[PDB]
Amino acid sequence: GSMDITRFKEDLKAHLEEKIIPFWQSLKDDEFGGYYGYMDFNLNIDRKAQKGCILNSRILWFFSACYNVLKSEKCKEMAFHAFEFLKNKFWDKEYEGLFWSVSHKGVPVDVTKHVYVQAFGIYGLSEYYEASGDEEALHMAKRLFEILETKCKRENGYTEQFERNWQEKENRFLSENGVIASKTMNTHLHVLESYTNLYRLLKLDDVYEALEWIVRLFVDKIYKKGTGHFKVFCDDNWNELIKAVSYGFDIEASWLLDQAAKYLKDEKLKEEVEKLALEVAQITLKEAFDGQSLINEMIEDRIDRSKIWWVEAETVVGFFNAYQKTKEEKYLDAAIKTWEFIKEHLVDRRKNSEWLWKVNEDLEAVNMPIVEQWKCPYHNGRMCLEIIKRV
């Protein structure tokens, strides 16, 4: 820590409190429950938009973590509102687990069960349990864990997509050329993340074993040894469908794996994981940090130098984490300058807005929604919360 790091945290706390929190408070749907599901680039909310379960759970996580860190009573009420919509509309009373999507009124639109959705449910419900003490939220998280472990897990990871009644299906995520990816970095990273939070709160043996198991899967199958990159979209045997590098996923997995490593009881694996996380952060700085911000991805030989909101948020956390473990100032410098880029190019200058989805290579804003099933307060809100907690 120093004077720059302290002012850094203060700046992120003010941004979260004066920009992020009140923006997402304005998305609260008091007519039907939950949160409005879409806001276009011109800041027009579509109150009738379908509501994604992942978005609701990320909002639940965000407001819960805000209460847990800042003790804001309004944030706890905002989390309650999202918990109520999860409980009443996304949770399947008959077969259990969480639907994929519902209408703005809460009518089930896509009742299939995806591990990606269940994991985010565990993440938000456990966070909300810490904030509220609600035993029903704790029950749902535990049941989601047992379902994942007893119905969805396989020898080499999770089957990712299921019918409503948990009969397995082929996956819904597709490679760039339309081949089904039976194994995705996406799903398994958020299983890891949700299990870390669950174990941190519960400290249960069964949960520890599943956490260690998923950490090992990342070390043994998903990580591309010696490259600093993880596989993104795979067949059922963790063979890449395409040579693809997501620098955003790399740097996020870097600090998430580092985080889980703190709980590991096998000291060899723990040293392994901490070395992996730093190898990834080192490669990421060298290959994807342009001196200003992080580029997006490389698909085969095509580089996308767009600046995506969640990539830069995770870059700030990942590089700050790398700085904390090494004390090498190149990482701290990179994290702060990425924050300075976000402030100048991704924080919307129009009133009553939040963060732009992306700017292109030429730093031009691109027409993309401000709120969508995949654009949430989770990444950028967690960026602020992490720095607040770490400094």
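Each residue number is its position in the shown sequence, starting from 1.
Can you tell me which stretch has the higher mean Cα B-factor, 193-201 or 131-139? On average, C-alpha B-factors are higher across 131-139.
What stretch has the higher average Cα B-factor here, 310-318 or 293-301? Mean C-alpha B-factor is greater for 293-301.
Selection from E252, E209, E163, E77 [criterion: highest C-alpha temperature factor in the record]: That would be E209, according to the entry.
Entry-reported Cα temperature factor of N367, expressed as the chain third it lands in: Its C-alpha B-factor belongs to the highest third of this chain's values.
Classify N56 as lowest, middle or highest third according to the C-alpha B-factor given in the PDB entry, relative to its own chain. According to the entry, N56 has a C-alpha B-factor in the chain's lowest third.
Among the modelled residues of this chain, does the Cα B factor of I388 put it in the lowest, middle or highest third? Middle third of the chain for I388's C-alpha B-factor.
Sorting by Cα B-factor within the chain, modelled residues only, which third would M39 end up in: lowest, middle or highest? Ranked within chain, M39 CA B lands in the lowest tercile.
Divide the modelled residues of the chain into thirds by Cα B-factor and specify which third, lowest, middle or highest, holds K71. For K71, whose C-alpha B-factor we compare with every modelled residue in the chain, the answer is the highest third.
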